[PDB]
Protein chains: 2
Amino acid sequence: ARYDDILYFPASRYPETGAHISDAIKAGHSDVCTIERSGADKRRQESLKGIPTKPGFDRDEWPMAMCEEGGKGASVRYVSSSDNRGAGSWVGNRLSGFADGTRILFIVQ
Amino acid sequence: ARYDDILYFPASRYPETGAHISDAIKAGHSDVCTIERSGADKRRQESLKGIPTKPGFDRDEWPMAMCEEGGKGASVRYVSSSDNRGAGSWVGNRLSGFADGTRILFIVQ
């Protein structure tokens, strides 16, 4: 199998972030996050390079910076800050139970 | 030797949680957290066996359940929920960039 555990993203609660993750996966980005926290700041620097801030929005990355699959080439979308920060808190809290190296499949229904 | 980085615990901001951590280090519980996130549910179930929830309080563990050092034998104390949840958010944010296996020395100050 290609993953160790599954996370069901709460798209009804964070619909804008959920739409991005679902679209990114539809455009071929991995649906699995192989957790790697050490490289996360550097991946984010590489994914967000040359992408200016849009007031009222944050720059959402899929795959995420905390995944081996993130960084160069990741899909970036401006997402309303309330939605994206709520989503970021949800994901951070959910991934906090998983060790580095664990492969998490994300499902956005 | 025994740690990779140092986290200064902000006992002036979270004084009940800080008092517990300090008291438990003086009772010989490790001041180093070897981060290990996958076992945290199982460790917490071992440390808190027979200790029920109490509205207004959270059950604080030292060593923490997200540390190899936690689980059976940990010091447990009921701490006011606002103090403890503040501490947990602060500690969780400060540790989120460290991969599993990272040894963090805590100094309560």
# chains A, B, ... in the order shown; residues from 1 in each chain; ligands from 1
call {"tool": "calpha_fit_and_write", "arguments": {"fixed": "chain B", "moving": "chain A", "output": "mmCIF file with C-alpha atoms, in the first residue's frame"}}
result
data_model
loop_
_atom_site.group_PDB
_atom_site.id
_atom_site.type_symbol
_atom_site.label_atom_id
_atom_site.label_comp_id
_atom_site.auth_asym_id
_atom_site.auth_seq_id
_atom_site.Cartn_x
_atom_site.Cartn_y
_atom_site.Cartn_z
ATOM 1 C CA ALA A 1 25.328 15.631 25.044
ATOM 2 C CA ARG A 2 21.935 14.415 26.075
ATOM 3 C CA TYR A 3 19.894 16.849 23.915
ATOM 4 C CA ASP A 4 19.796 18.450 20.478
ATOM 5 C CA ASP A 5 17.961 21.720 21.218
ATOM 6 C CA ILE A 6 16.533 23.699 24.119
ATOM 7 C CA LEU A 7 13.116 25.149 24.838
ATOM 8 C CA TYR A 8 12.607 27.755 27.556
ATOM 9 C CA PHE A 9 9.087 27.268 28.977
ATOM 10 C CA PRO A 10 7.102 30.551 29.470
ATOM 11 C CA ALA A 11 6.262 30.003 33.078
ATOM 12 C CA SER A 12 5.156 33.623 33.660
ATOM 13 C CA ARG A 13 2.486 33.163 30.961
ATOM 14 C CA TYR A 14 1.364 29.626 31.982
ATOM 15 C CA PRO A 15 2.347 29.494 35.640
ATOM 16 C CA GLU A 16 0.286 26.509 36.712
ATOM 17 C CA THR A 17 1.541 24.300 33.863
ATOM 18 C CA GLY A 18 5.076 25.669 34.459
ATOM 19 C CA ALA A 19 4.871 24.787 38.193
ATOM 20 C CA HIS A 20 3.951 21.234 37.298
ATOM 21 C CA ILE A 21 6.789 20.773 34.804
ATOM 22 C CA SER A 22 9.245 22.296 37.347
ATOM 23 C CA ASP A 23 7.941 20.106 40.214
ATOM 24 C CA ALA A 24 7.971 16.973 38.088
ATOM 25 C CA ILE A 25 11.540 17.528 37.060
ATOM 26 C CA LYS A 26 12.399 18.202 40.750
ATOM 27 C CA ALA A 27 10.787 14.831 41.626
ATOM 28 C CA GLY A 28 13.097 13.117 39.076
ATOM 29 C CA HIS A 29 11.191 13.023 35.826
ATOM 30 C CA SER A 30 13.308 13.650 32.736
ATOM 31 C CA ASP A 31 13.824 17.198 31.522
ATOM 32 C CA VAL A 32 14.448 15.902 28.046
ATOM 33 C CA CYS A 33 11.625 15.012 25.584
ATOM 34 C CA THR A 34 12.767 12.584 22.881
ATOM 35 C CA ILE A 35 10.019 13.367 20.362
ATOM 36 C CA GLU A 36 7.962 10.299 19.305
ATOM 37 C CA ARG A 37 4.580 11.262 17.922
ATOM 38 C CA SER A 38 3.338 7.826 16.831
ATOM 39 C CA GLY A 39 2.912 6.485 20.362
ATOM 40 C CA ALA A 40 1.361 9.638 21.835
ATOM 41 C CA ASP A 41 -2.312 8.565 22.118
ATOM 42 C CA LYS A 42 -1.251 5.291 23.724
ATOM 43 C CA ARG A 43 1.097 6.989 26.196
ATOM 44 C CA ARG A 44 -1.711 9.359 27.206
ATOM 45 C CA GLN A 45 -4.090 6.478 27.718
ATOM 46 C CA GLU A 46 -1.552 4.799 29.975
ATOM 47 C CA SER A 47 -0.541 7.921 31.939
ATOM 48 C CA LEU A 48 -4.173 9.031 32.564
ATOM 49 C CA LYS A 49 -5.606 5.559 33.399
ATOM 50 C CA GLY A 50 -7.925 5.717 36.385
ATOM 51 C CA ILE A 51 -7.546 9.530 36.710
ATOM 52 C CA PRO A 52 -10.986 11.105 36.552
ATOM 53 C CA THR A 53 -11.761 14.555 35.076
ATOM 54 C CA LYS A 54 -11.920 17.550 37.521
ATOM 55 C CA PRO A 55 -14.271 20.202 36.070
ATOM 56 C CA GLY A 56 -12.436 23.441 35.300
ATOM 57 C CA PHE A 57 -9.101 21.538 34.991
ATOM 58 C CA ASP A 58 -7.290 19.437 32.468
ATOM 59 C CA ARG A 59 -4.981 16.496 33.350
ATOM 60 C CA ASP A 60 -1.439 17.679 32.614
ATOM 61 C CA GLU A 61 1.271 15.055 32.026
ATOM 62 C CA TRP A 62 5.026 15.386 32.512
ATOM 63 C CA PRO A 63 6.843 13.815 30.715
ATOM 64 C CA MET A 64 4.522 14.611 27.850
ATOM 65 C CA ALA A 65 2.712 11.967 25.784
ATOM 66 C CA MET A 66 4.602 12.989 22.642
ATOM 67 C CA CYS A 67 7.968 11.971 24.283
ATOM 68 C CA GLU A 68 9.507 8.515 24.656
ATOM 69 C CA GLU A 69 9.862 9.399 28.323
ATOM 70 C CA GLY A 70 6.008 9.788 28.774
ATOM 71 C CA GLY A 71 3.240 7.265 29.387
ATOM 72 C CA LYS A 72 3.510 4.877 32.261
ATOM 73 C CA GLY A 73 4.787 6.540 35.371
ATOM 74 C CA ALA A 74 4.429 10.167 34.220
ATOM 75 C CA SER A 75 3.496 12.836 36.715
ATOM 76 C CA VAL A 76 -0.142 13.964 36.323
ATOM 77 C CA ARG A 77 -1.584 17.131 37.889
ATOM 78 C CA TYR A 78 -4.889 18.920 37.415
ATOM 79 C CA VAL A 79 -4.136 22.290 35.885
ATOM 80 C CA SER A 80 -6.731 25.123 35.272
ATOM 81 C CA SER A 81 -8.025 24.586 31.731
ATOM 82 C CA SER A 82 -7.203 28.139 30.443
ATOM 83 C CA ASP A 83 -3.562 27.840 31.583
ATOM 84 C CA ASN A 84 -3.126 24.269 30.356
ATOM 85 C CA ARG A 85 -4.749 24.797 26.988
ATOM 86 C CA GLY A 86 -2.634 27.945 26.375
ATOM 87 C CA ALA A 87 0.443 25.917 27.338
ATOM 88 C CA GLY A 88 -0.606 23.053 25.132
ATOM 89 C CA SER A 89 -0.961 25.375 22.163
ATOM 90 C CA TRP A 90 2.486 26.913 22.888
ATOM 91 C CA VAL A 91 4.192 23.533 23.171
ATOM 92 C CA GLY A 92 2.467 22.098 20.106
ATOM 93 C CA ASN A 93 3.489 25.143 18.053
ATOM 94 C CA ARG A 94 7.094 25.048 19.331
ATOM 95 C CA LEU A 95 7.531 21.282 18.809
ATOM 96 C CA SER A 96 6.070 21.489 15.313
ATOM 97 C CA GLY A 97 9.532 22.606 14.066
ATOM 98 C CA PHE A 98 11.304 19.512 15.344
ATOM 99 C CA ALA A 99 11.475 16.084 13.800
ATOM 100 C CA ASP A 100 10.671 12.837 15.589
ATOM 101 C CA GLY A 101 13.786 11.549 17.321
ATOM 102 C CA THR A 102 15.048 15.062 18.222
ATOM 103 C CA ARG A 103 15.858 15.405 21.902
ATOM 104 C CA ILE A 104 14.542 18.650 23.393
ATOM 105 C CA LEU A 105 15.769 19.897 26.805
ATOM 106 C CA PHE A 106 13.058 21.901 28.618
ATOM 107 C CA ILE A 107 14.167 24.651 31.039
ATOM 108 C CA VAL A 108 11.614 26.255 33.335
ATOM 109 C CA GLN A 109 13.133 29.419 34.847
#
call {"tool": "select_by_dssp", "arguments": {"residues": "chain A", "states": "strand (DSSP E or B)", "output": "compact mmCIF listing (two decimals) with C-alpha atoms, in the first residue's frame"}}
result
# COMPACT_ATOMS: atom_id res chain seq x y z
CA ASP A 5 -3.26 6.20 7.54
CA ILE A 6 -6.09 8.29 6.12
CA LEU A 7 -7.36 11.78 6.85
CA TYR A 8 -10.77 12.93 5.65
CA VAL A 32 -0.37 11.28 -0.11
CA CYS A 33 1.71 13.42 2.32
CA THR A 34 4.90 11.66 3.44
CA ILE A 35 5.47 13.71 6.60
CA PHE A 57 -5.95 35.81 1.35
CA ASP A 58 -3.20 33.44 2.30
CA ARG A 59 -1.11 31.42 -0.22
CA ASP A 60 -2.24 27.80 0.13
CA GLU A 61 0.11 25.03 -1.04
CA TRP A 62 -0.76 21.51 -2.17
CA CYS A 67 5.37 16.66 3.02
CA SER A 75 0.02 24.03 -6.59
CA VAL A 76 -0.49 27.46 -4.97
CA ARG A 77 -3.86 29.23 -4.71
CA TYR A 78 -4.96 32.32 -2.82
CA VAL A 79 -7.49 31.21 -0.24
CA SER A 80 -9.56 33.57 2.06
CA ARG A 103 2.42 8.42 4.79
CA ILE A 104 -1.00 10.05 5.11
CA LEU A 105 -3.64 9.69 2.35
CA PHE A 106 -5.92 12.76 2.18
CA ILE A 107 -9.51 12.27 0.94
call {"tool": "select_by_dssp", "arguments": {"residues": "chain A", "states": "alpha helix (DSSP H)", "output": "ChimeraX atom specification"}}
result
/A:15-26,40-47,81-95
call {"tool": "write_last_selection", "arguments": {"atoms": "C-alpha atoms", "output": "short mmCIF file (atom, residue, chain, number, x, y, z; two decimals), in the first residue's frame"}}
result
data_model
loop_
_atom_site.label_atom_id
_atom_site.label_comp_id
_atom_site.auth_asym_id
_atom_site.auth_seq_id
_atom_site.Cartn_x
_atom_site.Cartn_y
_atom_site.Cartn_z
CA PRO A 15 -14.59 24.85 1.53
CA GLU A 16 -12.10 27.11 -0.20
CA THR A 17 -9.07 25.21 1.12
CA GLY A 18 -10.90 21.92 0.37
CA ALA A 19 -11.59 23.03 -3.24
CA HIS A 20 -7.90 23.71 -3.72
CA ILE A 21 -6.76 20.35 -2.34
CA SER A 22 -9.42 18.59 -4.50
CA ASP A 23 -8.45 20.56 -7.65
CA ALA A 24 -4.75 20.01 -7.08
CA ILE A 25 -5.19 16.30 -6.74
CA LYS A 26 -7.38 16.37 -9.91
CA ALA A 40 9.14 22.47 5.68
CA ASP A 41 10.37 26.10 5.80
CA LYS A 42 12.59 25.47 2.79
CA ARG A 43 9.82 23.80 0.79
CA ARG A 44 7.53 26.76 1.51
CA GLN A 45 10.19 29.20 0.39
CA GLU A 46 10.55 27.29 -2.86
CA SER A 47 6.82 26.78 -3.52
CA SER A 81 -7.51 33.96 5.25
CA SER A 82 -10.31 32.84 7.68
CA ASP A 83 -10.86 29.59 5.74
CA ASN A 84 -7.16 28.88 5.24
CA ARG A 85 -6.12 29.63 8.79
CA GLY A 86 -8.95 27.42 10.17
CA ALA A 87 -7.80 24.68 7.79
CA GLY A 88 -4.20 25.16 8.78
CA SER A 89 -5.08 24.77 12.44
CA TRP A 90 -7.11 21.61 11.67
CA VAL A 91 -4.32 20.03 9.64
CA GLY A 92 -1.61 20.95 12.13
CA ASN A 93 -3.66 19.46 14.98
CA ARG A 94 -4.44 16.27 13.01
CA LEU A 95 -0.85 15.73 11.81
#
call {"tool": "decode", "arguments": {"residues": "range 32-82 of chain B", "atoms": "N, CA and C atoms", "output": "PDB file, in the first residue's frame"}}
result
ATOM      1  N   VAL B  32      14.242  16.161  29.487  1.00  0.00           N
ATOM      2  CA  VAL B  32      14.370  16.078  28.024  1.00  0.00           C
ATOM      3  C   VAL B  32      13.205  15.317  27.419  1.00  0.00           C
ATOM      4  N   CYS B  33      12.593  15.910  26.366  1.00  0.00           N
ATOM      5  CA  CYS B  33      11.559  15.240  25.590  1.00  0.00           C
ATOM      6  C   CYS B  33      12.185  14.705  24.310  1.00  0.00           C
ATOM      7  N   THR B  34      12.159  13.393  24.131  1.00  0.00           N
ATOM      8  CA  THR B  34      12.549  12.786  22.860  1.00  0.00           C
ATOM      9  C   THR B  34      11.248  12.687  22.097  1.00  0.00           C
ATOM     10  N   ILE B  35      11.103  13.507  21.070  1.00  0.00           N
ATOM     11  CA  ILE B  35       9.794  13.615  20.410  1.00  0.00           C
ATOM     12  C   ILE B  35       9.442  12.298  19.738  1.00  0.00           C
ATOM     13  N   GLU B  36       8.245  11.811  20.012  1.00  0.00           N
ATOM     14  CA  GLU B  36       7.728  10.558  19.429  1.00  0.00           C
ATOM     15  C   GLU B  36       6.206  10.642  19.412  1.00  0.00           C
ATOM     16  N   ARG B  37       5.658  11.098  18.279  1.00  0.00           N
ATOM     17  CA  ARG B  37       4.268  11.493  18.202  1.00  0.00           C
ATOM     18  C   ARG B  37       3.306  10.345  17.995  1.00  0.00           C
ATOM     19  N   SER B  38       3.773   9.259  17.421  1.00  0.00           N
ATOM     20  CA  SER B  38       2.874   8.154  17.074  1.00  0.00           C
ATOM     21  C   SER B  38       2.282   7.426  18.301  1.00  0.00           C
ATOM     22  N   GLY B  39       3.055   7.349  19.372  1.00  0.00           N
ATOM     23  CA  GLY B  39       2.649   6.617  20.615  1.00  0.00           C
ATOM     24  C   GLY B  39       1.896   7.429  21.630  1.00  0.00           C
ATOM     25  N   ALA B  40       1.566   8.683  21.312  1.00  0.00           N
ATOM     26  CA  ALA B  40       1.051   9.602  22.301  1.00  0.00           C
ATOM     27  C   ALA B  40      -0.287   9.186  22.886  1.00  0.00           C
ATOM     28  N   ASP B  41      -1.210   8.702  22.047  1.00  0.00           N
ATOM     29  CA  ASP B  41      -2.525   8.202  22.552  1.00  0.00           C
ATOM     30  C   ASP B  41      -2.396   7.063  23.561  1.00  0.00           C
ATOM     31  N   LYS B  42      -1.601   6.086  23.225  1.00  0.00           N
ATOM     32  CA  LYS B  42      -1.262   4.961  24.102  1.00  0.00           C
ATOM     33  C   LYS B  42      -0.542   5.395  25.361  1.00  0.00           C
ATOM     34  N   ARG B  43       0.481   6.264  25.248  1.00  0.00           N
ATOM     35  CA  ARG B  43       1.114   6.799  26.472  1.00  0.00           C
ATOM     36  C   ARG B  43       0.124   7.541  27.349  1.00  0.00           C
ATOM     37  N   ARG B  44      -0.743   8.351  26.772  1.00  0.00           N
ATOM     38  CA  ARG B  44      -1.632   9.173  27.594  1.00  0.00           C
ATOM     39  C   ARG B  44      -2.591   8.220  28.325  1.00  0.00           C
ATOM     40  N   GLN B  45      -3.012   7.160  27.656  1.00  0.00           N
ATOM     41  CA  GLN B  45      -3.927   6.190  28.294  1.00  0.00           C
ATOM     42  C   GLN B  45      -3.307   5.438  29.456  1.00  0.00           C
ATOM     43  N   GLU B  46      -2.040   5.106  29.323  1.00  0.00           N
ATOM     44  CA  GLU B  46      -1.270   4.610  30.453  1.00  0.00           C
ATOM     45  C   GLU B  46      -1.053   5.601  31.581  1.00  0.00           C
ATOM     46  N   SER B  47      -0.620   6.836  31.300  1.00  0.00           N
ATOM     47  CA  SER B  47      -0.344   7.802  32.402  1.00  0.00           C
ATOM     48  C   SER B  47      -1.599   8.218  33.173  1.00  0.00           C
ATOM     49  N   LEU B  48      -2.708   8.346  32.449  1.00  0.00           N
ATOM     50  CA  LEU B  48      -3.985   8.812  33.021  1.00  0.00           C
ATOM     51  C   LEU B  48      -4.959   7.700  33.483  1.00  0.00           C
ATOM     52  N   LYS B  49      -4.506   6.460  33.505  1.00  0.00           N
ATOM     53  CA  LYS B  49      -5.328   5.333  33.970  1.00  0.00           C
ATOM     54  C   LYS B  49      -5.864   5.649  35.334  1.00  0.00           C
ATOM     55  N   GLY B  50      -7.190   5.569  35.473  1.00  0.00           N
ATOM     56  CA  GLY B  50      -7.776   5.814  36.794  1.00  0.00           C
ATOM     57  C   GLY B  50      -7.890   7.299  37.207  1.00  0.00           C
ATOM     58  N   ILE B  51      -7.559   8.229  36.304  1.00  0.00           N
ATOM     59  CA  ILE B  51      -7.626   9.628  36.611  1.00  0.00           C
ATOM     60  C   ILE B  51      -8.649  10.218  35.656  1.00  0.00           C
ATOM     61  N   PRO B  52      -9.873  10.515  36.132  1.00  0.00           N
ATOM     62  CA  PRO B  52     -10.875  11.029  35.219  1.00  0.00           C
ATOM     63  C   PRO B  52     -10.768  12.529  34.951  1.00  0.00           C
ATOM     64  N   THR B  53     -11.420  12.983  33.876  1.00  0.00           N
ATOM     65  CA  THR B  53     -11.524  14.413  33.605  1.00  0.00           C
ATOM     66  C   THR B  53     -12.308  15.107  34.740  1.00  0.00           C
ATOM     67  N   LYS B  54     -12.048  16.396  34.944  1.00  0.00           N
ATOM     68  CA  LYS B  54     -12.754  17.209  35.930  1.00  0.00           C
ATOM     69  C   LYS B  54     -13.113  18.548  35.283  1.00  0.00           C
ATOM     70  N   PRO B  55     -14.428  18.874  34.992  1.00  0.00           N
ATOM     71  CA  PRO B  55     -14.605  20.217  34.421  1.00  0.00           C
ATOM     72  C   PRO B  55     -13.896  21.309  35.214  1.00  0.00           C
ATOM     73  N   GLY B  56     -13.310  22.219  34.441  1.00  0.00           N
ATOM     74  CA  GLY B  56     -12.482  23.364  34.785  1.00  0.00           C
ATOM     75  C   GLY B  56     -10.985  23.077  34.713  1.00  0.00           C
ATOM     76  N   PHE B  57     -10.616  21.806  34.663  1.00  0.00           N
ATOM     77  CA  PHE B  57      -9.208  21.398  34.738  1.00  0.00           C
ATOM     78  C   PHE B  57      -8.912  20.487  33.585  1.00  0.00           C
ATOM     79  N   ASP B  58      -7.633  20.487  33.171  1.00  0.00           N
ATOM     80  CA  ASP B  58      -7.092  19.491  32.264  1.00  0.00           C
ATOM     81  C   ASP B  58      -6.052  18.659  33.011  1.00  0.00           C
ATOM     82  N   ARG B  59      -5.833  17.410  32.569  1.00  0.00           N
ATOM     83  CA  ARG B  59      -4.881  16.520  33.272  1.00  0.00           C
ATOM     84  C   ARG B  59      -3.536  16.728  32.584  1.00  0.00           C
ATOM     85  N   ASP B  60      -2.609  17.353  33.273  1.00  0.00           N
ATOM     86  CA  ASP B  60      -1.302  17.702  32.696  1.00  0.00           C
ATOM     87  C   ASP B  60      -0.364  16.570  33.004  1.00  0.00           C
ATOM     88  N   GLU B  61       0.392  16.116  32.031  1.00  0.00           N
ATOM     89  CA  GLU B  61       1.410  15.043  32.200  1.00  0.00           C
ATOM     90  C   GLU B  61       2.819  15.556  32.036  1.00  0.00           C
ATOM     91  N   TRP B  62       3.733  15.149  32.920  1.00  0.00           N
ATOM     92  CA  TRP B  62       5.148  15.374  32.703  1.00  0.00           C
ATOM     93  C   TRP B  62       5.888  14.092  33.128  1.00  0.00           C
ATOM     94  N   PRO B  63       6.631  13.410  32.233  1.00  0.00           N
ATOM     95  CA  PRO B  63       6.849  13.838  30.858  1.00  0.00           C
ATOM     96  C   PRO B  63       5.615  13.781  29.963  1.00  0.00           C
ATOM     97  N   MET B  64       5.638  14.571  28.887  1.00  0.00           N
ATOM     98  CA  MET B  64       4.478  14.599  27.966  1.00  0.00           C
ATOM     99  C   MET B  64       4.265  13.329  27.191  1.00  0.00           C
ATOM    100  N   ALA B  65       3.003  13.093  26.824  1.00  0.00           N
ATOM    101  CA  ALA B  65       2.635  11.904  26.031  1.00  0.00           C
ATOM    102  C   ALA B  65       3.263  11.899  24.652  1.00  0.00           C
ATOM    103  N   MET B  66       3.681  13.053  24.106  1.00  0.00           N
ATOM    104  CA  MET B  66       4.355  13.097  22.798  1.00  0.00           C
ATOM    105  C   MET B  66       5.855  12.859  22.870  1.00  0.00           C
ATOM    106  N   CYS B  67       6.346  12.413  24.042  1.00  0.00           N
ATOM    107  CA  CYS B  67       7.756  12.149  24.316  1.00  0.00           C
ATOM    108  C   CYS B  67       7.936  10.678  24.608  1.00  0.00           C
ATOM    109  N   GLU B  68       9.064  10.114  24.195  1.00  0.00           N
ATOM    110  CA  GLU B  68       9.374   8.707  24.539  1.00  0.00           C
ATOM    111  C   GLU B  68       9.370   8.486  26.027  1.00  0.00           C
ATOM    112  N   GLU B  69       9.700   9.535  26.743  1.00  0.00           N
ATOM    113  CA  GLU B  69       9.831   9.504  28.222  1.00  0.00           C
ATOM    114  C   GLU B  69       8.468   9.445  28.965  1.00  0.00           C
ATOM    115  N   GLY B  70       7.360   9.736  28.250  1.00  0.00           N
ATOM    116  CA  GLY B  70       6.037   9.783  28.829  1.00  0.00           C
ATOM    117  C   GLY B  70       5.411   8.439  29.051  1.00  0.00           C
ATOM    118  N   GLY B  71       4.111   8.445  29.357  1.00  0.00           N
ATOM    119  CA  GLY B  71       3.396   7.192  29.576  1.00  0.00           C
ATOM    120  C   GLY B  71       3.512   6.701  31.001  1.00  0.00           C
ATOM    121  N   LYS B  72       3.626   5.395  31.206  1.00  0.00           N
ATOM    122  CA  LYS B  72       3.540   4.836  32.579  1.00  0.00           C
ATOM    123  C   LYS B  72       4.514   5.545  33.487  1.00  0.00           C
ATOM    124  N   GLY B  73       4.065   5.936  34.675  1.00  0.00           N
ATOM    125  CA  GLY B  73       5.010   6.531  35.638  1.00  0.00           C
ATOM    126  C   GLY B  73       5.113   8.054  35.556  1.00  0.00           C
ATOM    127  N   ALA B  74       4.508   8.681  34.540  1.00  0.00           N
ATOM    128  CA  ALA B  74       4.527  10.154  34.458  1.00  0.00           C
ATOM    129  C   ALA B  74       3.824  10.813  35.614  1.00  0.00           C
ATOM    130  N   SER B  75       4.299  12.004  35.973  1.00  0.00           N
ATOM    131  CA  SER B  75       3.634  12.857  36.941  1.00  0.00           C
ATOM    132  C   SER B  75       2.378  13.430  36.299  1.00  0.00           C
ATOM    133  N   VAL B  76       1.254  13.392  37.008  1.00  0.00           N
ATOM    134  CA  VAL B  76       0.010  13.948  36.488  1.00  0.00           C
ATOM    135  C   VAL B  76      -0.523  14.940  37.523  1.00  0.00           C
ATOM    136  N   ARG B  77      -1.046  16.086  37.063  1.00  0.00           N
ATOM    137  CA  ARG B  77      -1.647  17.058  37.947  1.00  0.00           C
ATOM    138  C   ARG B  77      -2.765  17.719  37.224  1.00  0.00           C
ATOM    139  N   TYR B  78      -3.859  17.996  37.953  1.00  0.00           N
ATOM    140  CA  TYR B  78      -4.983  18.742  37.374  1.00  0.00           C
ATOM    141  C   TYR B  78      -4.532  20.200  37.344  1.00  0.00           C
ATOM    142  N   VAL B  79      -4.613  20.830  36.190  1.00  0.00           N
ATOM    143  CA  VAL B  79      -4.234  22.229  36.009  1.00  0.00           C
ATOM    144  C   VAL B  79      -5.424  22.936  35.400  1.00  0.00           C
ATOM    145  N   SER B  80      -5.612  24.202  35.779  1.00  0.00           N
ATOM    146  CA  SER B  80      -6.749  24.988  35.233  1.00  0.00           C
ATOM    147  C   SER B  80      -6.696  24.966  33.741  1.00  0.00           C
ATOM    148  N   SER B  81      -7.835  24.740  33.108  1.00  0.00           N
ATOM    149  CA  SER B  81      -7.864  24.498  31.675  1.00  0.00           C
ATOM    150  C   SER B  81      -7.330  25.624  30.850  1.00  0.00           C
ATOM    151  N   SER B  82      -7.587  26.879  31.201  1.00  0.00           N
ATOM    152  CA  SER B  82      -7.068  27.970  30.338  1.00  0.00           C
ATOM    153  C   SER B  82      -5.515  28.026  30.348  1.00  0.00           C
TER     154      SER B  82
END
